[PDB]
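Heads up, start.cif below (mmCIF, C-alpha atoms (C1' of nucleotides)):
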data_target
loop_
_atom_site.label_atom_id
_atom_site.label_comp_id
_atom_site.auth_asym_id
_atom_site.auth_seq_id
_atom_site.Cartn_x
_atom_site.Cartn_y
_atom_site.Cartn_z
CA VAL H 317 -16.00 40.09 -9.50
CA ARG H 318 -17.36 42.00 -6.48
CA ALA H 319 -17.16 45.70 -5.55
CA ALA H 320 -15.85 46.26 -2.02
CA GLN H 321 -15.74 50.04 -1.64
CA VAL H 322 -17.31 52.60 -3.98
CA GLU H 323 -16.33 56.27 -4.21
CA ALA H 324 -18.08 58.83 -6.43
CA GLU H 325 -16.96 62.23 -7.71
CA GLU H 326 -19.69 64.44 -9.17
CA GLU H 327 -18.59 66.24 -12.33
CA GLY H 328 -20.96 68.02 -14.71
CA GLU H 329 -23.86 65.78 -15.70
CA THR H 330 -21.77 62.70 -14.90
CA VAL H 331 -20.28 60.74 -11.99
CA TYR H 332 -16.83 59.18 -11.85
CA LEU H 333 -16.80 56.05 -9.71
CA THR H 334 -13.58 54.80 -8.18
CA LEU H 335 -14.22 51.12 -7.51
CA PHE H 336 -12.23 48.92 -5.18
CA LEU H 337 -12.63 45.49 -6.74
CA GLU H 338 -11.78 41.99 -5.53
CA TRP H 339 -12.01 38.94 -7.78
CA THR H 340 -10.40 35.60 -8.69
CA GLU H 341 -8.63 34.54 -11.89
CA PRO H 342 -8.36 30.80 -12.72
CA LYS H 343 -5.18 29.07 -13.92
CA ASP H 344 -5.17 25.38 -14.90
CA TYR H 345 -2.29 22.97 -14.31
CA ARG H 346 -1.87 19.50 -15.83
CA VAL H 347 -0.62 16.78 -13.47
CA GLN H 348 1.44 13.93 -14.91
CA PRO H 349 1.34 10.39 -13.37
CA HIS H 350 4.87 10.84 -11.98
CA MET H 351 3.77 13.86 -9.94
CA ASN H 352 2.02 14.20 -6.58
CA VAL H 353 -0.15 16.98 -5.11
CA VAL H 354 1.22 18.50 -1.89
CA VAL H 355 -1.84 20.68 -1.21
CA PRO H 356 -5.37 19.80 0.01
CA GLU H 357 -8.72 21.02 -1.34
CA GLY H 358 -9.38 24.75 -1.01
CA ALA H 359 -6.24 25.51 0.98
CA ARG H 360 -4.70 28.98 0.76
CA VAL H 361 -1.34 29.44 -0.94
CA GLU H 362 1.18 32.26 -1.27
CA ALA H 363 4.07 33.18 -3.55
CA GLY H 364 6.67 30.43 -3.23
CA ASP H 365 4.33 27.76 -1.87
CA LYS H 366 4.33 24.49 -3.85
CA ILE H 367 1.13 23.08 -5.30
CA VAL H 368 2.68 19.95 -6.80
CA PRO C 92 -6.03 -5.88 -7.75
CA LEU C 93 -3.23 -4.73 -10.08
CA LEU C 94 -1.68 -1.28 -9.69
CA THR C 95 -2.02 1.54 -12.20
CA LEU C 96 1.22 3.37 -12.99
CA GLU C 97 0.01 6.11 -10.66
CA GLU C 98 -0.75 3.81 -7.72
CA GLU C 99 2.60 2.09 -8.24
CA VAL C 100 4.67 5.29 -8.29
CA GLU C 101 2.73 6.56 -5.26
CA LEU C 102 3.36 3.44 -3.17
CA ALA C 103 7.01 3.35 -4.25
CA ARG C 104 7.49 7.01 -3.32
CA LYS C 105 5.80 6.53 0.05
CA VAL C 106 8.13 3.60 0.77
CA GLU C 107 11.33 5.46 -0.14
CA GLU C 108 10.32 8.60 1.76
CA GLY C 109 9.40 6.32 4.65
CA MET C 110 12.90 4.87 4.81
CA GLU C 111 14.29 8.41 4.67
CA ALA C 112 11.93 9.30 7.51
CA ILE C 113 13.23 6.45 9.64
CA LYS C 114 16.81 7.61 8.99
CA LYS C 115 16.13 11.22 9.97
CA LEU C 116 14.18 9.95 12.97
CA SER C 117 17.20 7.94 14.08
CA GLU C 118 19.32 11.06 13.71
CA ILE C 119 16.91 12.99 15.95
CA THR C 120 16.30 10.35 18.62
CA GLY C 121 19.78 8.82 18.60
CA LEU C 122 18.22 5.36 18.56
CA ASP C 123 19.07 2.49 16.21
CA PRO C 124 17.43 2.83 12.76
CA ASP C 125 16.81 -0.92 12.83
CA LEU C 126 15.06 -0.90 16.21
CA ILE C 127 12.99 2.07 15.06
CA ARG C 128 12.08 0.36 11.79
CA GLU C 129 11.00 -2.79 13.64
CA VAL C 130 8.89 -0.71 16.04
CA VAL C 131 7.09 1.19 13.25
CA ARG C 132 6.61 -2.08 11.36
CA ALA C 133 5.27 -3.68 14.55
CA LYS C 134 2.69 -0.96 15.11
CA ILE C 135 1.59 -1.05 11.46
CA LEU C 136 1.16 -4.83 11.40
CA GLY C 137 -0.23 -4.85 14.93
CA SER C 138 0.56 -6.94 18.01
CA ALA C 139 -0.48 -9.99 15.99
CA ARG C 140 3.14 -10.14 14.87
CA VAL C 141 5.72 -9.46 17.57
CA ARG C 142 8.99 -11.40 17.67
CA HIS C 143 12.67 -10.99 18.56
CA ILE C 144 14.79 -10.14 15.52
CA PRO C 145 18.32 -11.69 15.37
CA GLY C 146 19.90 -8.40 14.27
CA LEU C 147 18.38 -6.46 17.16
CA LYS C 148 20.34 -6.11 20.41
CA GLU C 149 17.13 -5.99 22.46
CA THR C 150 14.33 -8.52 22.83
CA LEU C 151 11.32 -7.09 21.01
CA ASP C 152 8.13 -7.37 23.06
CA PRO C 153 4.99 -5.18 23.43
CA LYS C 154 6.52 -3.63 26.57
CA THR C 155 9.68 -2.39 24.84
CA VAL C 156 7.88 -1.41 21.64
CA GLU C 157 5.42 0.56 23.77
CA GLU C 158 8.31 2.30 25.52
CA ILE C 159 9.91 3.17 22.19
CA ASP C 160 6.62 4.18 20.56
CA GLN C 161 5.87 6.43 23.54
CA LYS C 162 9.29 8.07 23.24
CA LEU C 163 8.41 8.55 19.57
CA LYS C 164 5.12 10.16 20.57
CA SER C 165 7.00 12.63 22.79
CA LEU C 166 8.58 14.38 19.80
CA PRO C 167 7.76 17.97 18.73
CA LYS C 168 5.31 18.39 15.82
CA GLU C 169 7.93 18.76 13.06
CA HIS C 170 9.89 15.81 14.47
CA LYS C 171 6.81 13.73 15.29
CA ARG C 172 5.89 14.22 11.61
CA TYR C 173 8.56 11.72 10.53
CA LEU C 174 6.78 9.03 12.56
CA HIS C 175 3.63 9.42 10.46
CA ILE C 176 5.84 9.40 7.38
CA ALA C 177 7.38 6.10 8.54
CA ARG C 178 4.03 4.44 9.24
CA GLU C 179 2.74 5.56 5.83
CA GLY C 180 5.90 4.09 4.33
CA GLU C 181 5.43 0.66 5.91
CA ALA C 182 1.77 0.48 4.88
CA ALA C 183 2.80 1.39 1.33
CA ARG C 184 5.43 -1.37 1.38
CA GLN C 185 2.99 -4.09 2.46
CA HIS C 186 0.44 -3.02 -0.14
CA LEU C 187 3.19 -2.98 -2.78
CA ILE C 188 4.34 -6.55 -2.12
CA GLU C 189 0.78 -7.87 -1.89
CA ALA C 190 0.02 -6.04 -5.13
CA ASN C 191 2.92 -7.52 -7.09
CA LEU C 192 2.61 -11.10 -5.78
CA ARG C 193 1.26 -12.26 -9.19
CA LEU C 194 4.48 -11.54 -11.08
CA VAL C 195 6.31 -14.02 -8.86
CA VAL C 196 3.92 -16.82 -9.84
CA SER C 197 4.16 -15.95 -13.53
CA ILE C 198 7.97 -16.12 -13.29
CA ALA C 199 8.17 -19.28 -11.16
CA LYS C 200 5.78 -21.29 -13.34
CA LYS C 201 8.67 -21.58 -15.81
CA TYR C 202 11.03 -23.03 -13.18
"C1'" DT R 1 20.82 -4.58 -9.67
"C1'" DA R 2 16.59 -1.13 -13.73
"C1'" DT R 3 13.02 -1.60 -21.81
"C1'" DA R 4 8.54 -4.34 -19.75
"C1'" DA R 5 7.28 -8.51 -18.19
"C1'" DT R 6 1.30 -9.44 -12.81
"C1'" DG R 7 -3.72 -16.52 -11.67
"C1'" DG R 8 -0.76 -23.84 -12.86
"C1'" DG R 9 -1.17 -27.43 -14.86
"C1'" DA R 10 -2.29 -32.85 -15.53
"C1'" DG R 11 -5.82 -35.53 -14.89
"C1'" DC R 12 -6.16 -41.09 -16.28
"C1'" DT R 13 -10.67 -44.20 -16.18
"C1'" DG R 14 -12.85 -52.94 -16.11
"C1'" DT R 15 -12.35 -54.27 -7.22
"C1'" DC R 16 -15.92 -54.61 -3.92
"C1'" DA R 17 -16.52 -54.91 0.26
"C1'" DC R 18 -17.39 -52.52 2.86
"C1'" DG R 19 -17.43 -50.21 7.39
"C1'" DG R 20 -18.94 -46.25 10.13
"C1'" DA R 21 -20.18 -40.76 9.29
"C1'" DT R 22 -23.00 -37.51 6.78
"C1'" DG R 23 -27.59 -35.71 4.28
"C1'" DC R 24 -33.32 -34.94 2.57
#

Output the file's structure as structure tokens, nothing else.
Amino acid sequence: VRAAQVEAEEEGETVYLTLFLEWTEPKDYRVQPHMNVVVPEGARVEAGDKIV
Amino acid sequence: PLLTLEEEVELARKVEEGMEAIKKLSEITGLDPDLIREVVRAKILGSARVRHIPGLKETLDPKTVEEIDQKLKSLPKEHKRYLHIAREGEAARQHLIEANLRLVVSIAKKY
DNA sequence: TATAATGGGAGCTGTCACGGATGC
């Protein structure tokens, strides 16, 4: 995970940091021999696009 | 070499989808699915094999197959896609037959 | 027209008398 934009509010002896974060969460899929992959390596997908 | 279940299903699928591609392509072009099939087959196999087919209404020669292939190359991207599908299909077919040639021997040795 | 099945067998043996072609 990486921090894109960082905002800081000073309150008392402390700071409250609002962090805009961008990261990636992995999800595995198991391909059976009767199935074929419709997507290349490292291609970008959206909601509704078919991987397999 | 002998096909794994995966390789087999892949080749089979490519063949079937290839036939479908030729059909859709005939719908688009308005040509004869047979003539189209023979042209795609011709280009896959090469000019090494070119001969007039009895079912065809036209004499099949490199001139006519070049005319037809050029009219196939003039299609829009989404339509010209089906050509690549067809070619892939034919290649898959050849590799399938060549792959399963052993079974024929094993069956015929009993005859 | 659909379980899956993926490389074949029989040879066949007591003649020389060689001719020209082919081989270290």

Pull out every residue that the PyMOL selection byres ((chain H and resi 352-362) around 12) matches in the shown coordinates and put them as a list in words.
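So the PyMOL selection byres ((chain H and resi 352-362) around 12), applied here, picks out residues 345, 346, 347, 348, 349, 350, 351, 363, 364, 365, 366, 367 and 368 of chain H; 97, 98, 100, 101, 102, 104 and 105 of chain C.
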
Distance query residue 144 of chain C at most 12 Å, only C-alpha atoms (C1' of nucleotides), self and fewer than 6 positions along chain excluded, as number ranges by chain:
C: 125-126, 128-130, 133, 150-152

What is the atom CA of residue 178 of chain C to atom CA of residue 134 of chain C distance in Å?
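According to the coordinates, atom CA of residue 178 of chain C and atom CA of residue 134 of chain C are separated by 8.1 Å.
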
One number please: atom CA of residue 177 of chain C to atom CA of residue 112 of chain C, in Å, one decimal.
5.7 Å

What do you get, as a PDB file with C-alpha atoms, keeping the file's coordinate frame, if you spell out every residue that the PyMOL selection byres ((chain C and resi 176) around 10) selects here?
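Listing of part.pdb after writing:
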ATOM      1  CA  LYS C 105       5.800   6.530   0.050  1.00  0.00           C
ATOM      2  CA  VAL C 106       8.130   3.600   0.770  1.00  0.00           C
ATOM      3  CA  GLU C 108      10.320   8.600   1.760  1.00  0.00           C
ATOM      4  CA  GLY C 109       9.400   6.320   4.650  1.00  0.00           C
ATOM      5  CA  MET C 110      12.900   4.870   4.810  1.00  0.00           C
ATOM      6  CA  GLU C 111      14.290   8.410   4.670  1.00  0.00           C
ATOM      7  CA  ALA C 112      11.930   9.300   7.510  1.00  0.00           C
ATOM      8  CA  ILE C 113      13.230   6.450   9.640  1.00  0.00           C
ATOM      9  CA  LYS C 171       6.810  13.730  15.290  1.00  0.00           C
ATOM     10  CA  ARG C 172       5.890  14.220  11.610  1.00  0.00           C
ATOM     11  CA  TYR C 173       8.560  11.720  10.530  1.00  0.00           C
ATOM     12  CA  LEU C 174       6.780   9.030  12.560  1.00  0.00           C
ATOM     13  CA  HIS C 175       3.630   9.420  10.460  1.00  0.00           C
ATOM     14  CA  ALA C 177       7.380   6.100   8.540  1.00  0.00           C
ATOM     15  CA  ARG C 178       4.030   4.440   9.240  1.00  0.00           C
ATOM     16  CA  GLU C 179       2.740   5.560   5.830  1.00  0.00           C
ATOM     17  CA  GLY C 180       5.900   4.090   4.330  1.00  0.00           C
ATOM     18  CA  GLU C 181       5.430   0.660   5.910  1.00  0.00           C
TER      19      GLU C 181
END

Could you list the residues chosen by the PyMOL selection byres ((chain H and resi 338) around 6) in this structure as a ChimeraX atom specification?
/H:318,337,339

Could you save those same residues with C-alpha atoms as a PDB file, in the coordinates of the input?
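Once written, part-v1.pdb looks like this:
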ATOM      1  CA  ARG H 318     -17.360  42.000  -6.480  1.00  0.00           C
ATOM      2  CA  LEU H 337     -12.630  45.490  -6.740  1.00  0.00           C
ATOM      3  CA  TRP H 339     -12.010  38.940  -7.780  1.00  0.00           C
TER       4      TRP H 339
END

Give me segment 141-172 of chain C with N, CA and C atoms filled in, as a PDB file, keeping the file's coordinate frame.
ATOM      1  N   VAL C 141       4.636 -10.001  16.768  1.00  0.00           N
ATOM      2  CA  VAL C 141       5.720  -9.460  17.570  1.00  0.00           C
ATOM      3  C   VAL C 141       6.732 -10.564  17.875  1.00  0.00           C
ATOM      4  N   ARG C 142       7.968 -10.391  17.423  1.00  0.00           N
ATOM      5  CA  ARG C 142       8.990 -11.400  17.670  1.00  0.00           C
ATOM      6  C   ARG C 142      10.392 -10.798  17.702  1.00  0.00           C
ATOM      7  N   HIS C 143      11.280 -11.431  18.462  1.00  0.00           N
ATOM      8  CA  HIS C 143      12.670 -10.990  18.560  1.00  0.00           C
ATOM      9  C   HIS C 143      13.412 -11.180  17.240  1.00  0.00           C
ATOM     10  N   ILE C 144      14.024 -10.103  16.756  1.00  0.00           N
ATOM     11  CA  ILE C 144      14.790 -10.140  15.520  1.00  0.00           C
ATOM     12  C   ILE C 144      16.272 -10.358  15.831  1.00  0.00           C
ATOM     13  N   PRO C 145      16.907 -11.333  15.156  1.00  0.00           N
ATOM     14  CA  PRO C 145      18.320 -11.690  15.370  1.00  0.00           C
ATOM     15  C   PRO C 145      19.290 -10.513  15.305  1.00  0.00           C
ATOM     16  N   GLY C 146      19.031  -9.550  14.424  1.00  0.00           N
ATOM     17  CA  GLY C 146      19.900  -8.400  14.270  1.00  0.00           C
ATOM     18  C   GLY C 146      19.783  -7.384  15.396  1.00  0.00           C
ATOM     19  N   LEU C 147      18.633  -7.381  16.062  1.00  0.00           N
ATOM     20  CA  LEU C 147      18.380  -6.460  17.160  1.00  0.00           C
ATOM     21  C   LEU C 147      19.155  -6.862  18.418  1.00  0.00           C
ATOM     22  N   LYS C 148      19.612  -5.865  19.171  1.00  0.00           N
ATOM     23  CA  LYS C 148      20.340  -6.110  20.410  1.00  0.00           C
ATOM     24  C   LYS C 148      19.398  -6.250  21.606  1.00  0.00           C
ATOM     25  N   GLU C 149      18.134  -5.897  21.401  1.00  0.00           N
ATOM     26  CA  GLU C 149      17.130  -5.990  22.460  1.00  0.00           C
ATOM     27  C   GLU C 149      16.034  -6.968  22.074  1.00  0.00           C
ATOM     28  N   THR C 150      15.464  -7.641  23.069  1.00  0.00           N
ATOM     29  CA  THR C 150      14.330  -8.520  22.830  1.00  0.00           C
ATOM     30  C   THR C 150      13.088  -7.673  22.560  1.00  0.00           C
ATOM     31  N   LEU C 151      12.437  -7.924  21.431  1.00  0.00           N
ATOM     32  CA  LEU C 151      11.320  -7.090  21.010  1.00  0.00           C
ATOM     33  C   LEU C 151      10.002  -7.666  21.514  1.00  0.00           C
ATOM     34  N   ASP C 152       9.386  -6.949  22.448  1.00  0.00           N
ATOM     35  CA  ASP C 152       8.130  -7.370  23.060  1.00  0.00           C
ATOM     36  C   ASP C 152       7.270  -6.126  23.251  1.00  0.00           C
ATOM     37  N   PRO C 153       5.934  -6.297  23.323  1.00  0.00           N
ATOM     38  CA  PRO C 153       4.990  -5.180  23.430  1.00  0.00           C
ATOM     39  C   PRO C 153       5.357  -4.125  24.478  1.00  0.00           C
ATOM     40  N   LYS C 154       6.010  -4.548  25.556  1.00  0.00           N
ATOM     41  CA  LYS C 154       6.520  -3.630  26.570  1.00  0.00           C
ATOM     42  C   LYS C 154       7.541  -2.650  25.988  1.00  0.00           C
ATOM     43  N   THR C 155       8.596  -3.198  25.390  1.00  0.00           N
ATOM     44  CA  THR C 155       9.680  -2.390  24.840  1.00  0.00           C
ATOM     45  C   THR C 155       9.229  -1.562  23.639  1.00  0.00           C
ATOM     46  N   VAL C 156       8.394  -2.149  22.786  1.00  0.00           N
ATOM     47  CA  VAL C 156       7.880  -1.410  21.640  1.00  0.00           C
ATOM     48  C   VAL C 156       6.910  -0.317  22.080  1.00  0.00           C
ATOM     49  N   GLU C 157       6.273  -0.498  23.235  1.00  0.00           N
ATOM     50  CA  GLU C 157       5.420   0.560  23.770  1.00  0.00           C
ATOM     51  C   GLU C 157       6.268   1.680  24.358  1.00  0.00           C
ATOM     52  N   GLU C 158       7.361   1.313  25.024  1.00  0.00           N
ATOM     53  CA  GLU C 158       8.310   2.300  25.520  1.00  0.00           C
ATOM     54  C   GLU C 158       8.834   3.161  24.376  1.00  0.00           C
ATOM     55  N   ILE C 159       9.348   2.491  23.349  1.00  0.00           N
ATOM     56  CA  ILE C 159       9.910   3.170  22.190  1.00  0.00           C
ATOM     57  C   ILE C 159       8.863   4.006  21.451  1.00  0.00           C
ATOM     58  N   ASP C 160       7.677   3.444  21.238  1.00  0.00           N
ATOM     59  CA  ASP C 160       6.620   4.180  20.560  1.00  0.00           C
ATOM     60  C   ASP C 160       6.188   5.412  21.356  1.00  0.00           C
ATOM     61  N   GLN C 161       6.198   5.297  22.682  1.00  0.00           N
ATOM     62  CA  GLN C 161       5.870   6.430  23.540  1.00  0.00           C
ATOM     63  C   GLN C 161       6.940   7.515  23.475  1.00  0.00           C
ATOM     64  N   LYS C 162       8.204   7.106  23.416  1.00  0.00           N
ATOM     65  CA  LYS C 162       9.290   8.070  23.240  1.00  0.00           C
ATOM     66  C   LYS C 162       9.259   8.688  21.847  1.00  0.00           C
ATOM     67  N   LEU C 163       8.615   8.001  20.908  1.00  0.00           N
ATOM     68  CA  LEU C 163       8.410   8.550  19.570  1.00  0.00           C
ATOM     69  C   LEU C 163       7.234   9.514  19.561  1.00  0.00           C
ATOM     70  N   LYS C 164       6.288   9.296  20.468  1.00  0.00           N
ATOM     71  CA  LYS C 164       5.120  10.160  20.570  1.00  0.00           C
ATOM     72  C   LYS C 164       5.432  11.447  21.342  1.00  0.00           C
ATOM     73  N   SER C 165       6.598  11.481  21.979  1.00  0.00           N
ATOM     74  CA  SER C 165       7.000  12.630  22.790  1.00  0.00           C
ATOM     75  C   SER C 165       7.753  13.683  21.976  1.00  0.00           C
ATOM     76  N   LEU C 166       7.870  13.454  20.672  1.00  0.00           N
ATOM     77  CA  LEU C 166       8.580  14.380  19.800  1.00  0.00           C
ATOM     78  C   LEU C 166       7.741  15.624  19.493  1.00  0.00           C
ATOM     79  N   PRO C 167       8.415  16.754  19.216  1.00  0.00           N
ATOM     80  CA  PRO C 167       7.760  17.970  18.730  1.00  0.00           C
ATOM     81  C   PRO C 167       7.082  17.723  17.386  1.00  0.00           C
ATOM     82  N   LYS C 168       6.131  18.579  17.020  1.00  0.00           N
ATOM     83  CA  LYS C 168       5.310  18.390  15.820  1.00  0.00           C
ATOM     84  C   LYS C 168       6.113  18.098  14.545  1.00  0.00           C
ATOM     85  N   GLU C 169       7.118  18.926  14.269  1.00  0.00           N
ATOM     86  CA  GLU C 169       7.930  18.760  13.060  1.00  0.00           C
ATOM     87  C   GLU C 169       8.747  17.471  13.094  1.00  0.00           C
ATOM     88  N   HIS C 170       9.169  17.066  14.288  1.00  0.00           N
ATOM     89  CA  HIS C 170       9.890  15.810  14.470  1.00  0.00           C
ATOM     90  C   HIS C 170       8.959  14.605  14.524  1.00  0.00           C
ATOM     91  N   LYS C 171       7.816  14.779  15.178  1.00  0.00           N
ATOM     92  CA  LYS C 171       6.810  13.730  15.290  1.00  0.00           C
ATOM     93  C   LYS C 171       6.152  13.463  13.929  1.00  0.00           C
ATOM     94  N   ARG C 172       6.370  14.372  12.982  1.00  0.00           N
ATOM     95  CA  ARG C 172       5.890  14.220  11.610  1.00  0.00           C
ATOM     96  C   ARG C 172       6.506  12.997  10.918  1.00  0.00           C
TER      97      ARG C 172
END
